[PDB]
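Shown next as structure tokens: one chain only, the form deposited in one PDB entry.
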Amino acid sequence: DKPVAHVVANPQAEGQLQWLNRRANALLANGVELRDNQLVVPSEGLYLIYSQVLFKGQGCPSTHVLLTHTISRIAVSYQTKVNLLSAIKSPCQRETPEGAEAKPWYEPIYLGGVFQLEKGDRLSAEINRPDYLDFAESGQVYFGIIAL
């Protein structure tokens, strides 16, 4: 049984992306630990690494509004943060005119790939706008890895 994780967002969290290890359809086993909102890899080897965030925003102050999602590695040795996977989305669009009330919008982002990882490596899935995090339903926000 291979090192495996599939954690989800904390619904009872607070304009915050906080990974929860223990729910109904998640995984934290075979040596992978959740540690400071980071997945810690037990052994060395090839991992599939993936994540999805769903943003529900409201209003479009500008076309320049950006959503970001990024998975980063912190090697035990180096100890510095490196981006493995990363995407940016501009969800707007037009610009809500004023006197105009803001309308909701939905944007999902998905990241995923395979990487050679080292024992004791840390991994984090981070967004720029946790205030726009939507986890009002399950399956919408999640972070995972399996060793192959």
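All residue numbers refer to positions in the sequence shown, first residue = 1. Only residues modelled in both forms are compared. Take the two forms, superpose them, and find the largest set of C-alpha atoms that agree within 1.5 Å; that set is the rigid core.
Quick note: we don't show the form deposited in another entry, though the next part is all about it.
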For this session: Please name the single residue among 68, 63, 43, 83 whose Cα shifts by at least 2 Å between this form and the one not shown after core superposition.
Result: 63
For this session: Kindly check if the Cα atom of residue 11 is displaced 2 angstroms or more between this form and the one not shown relative to the superposed rigid core.
Result: no
For this session: Classify residue 138 as shifted (yes) or not shifted (no) between this form and the one not shown, where shifted means its C-alpha moves by 2 Å or more with the rigid core superposed.
Result: yes
For this session: Sticking with residues common to both forms, list the runs of three or more in a row where every CA moves 2 angstroms or more between this form and the one not shown, core superposed.
Result: 61-64, 137-140
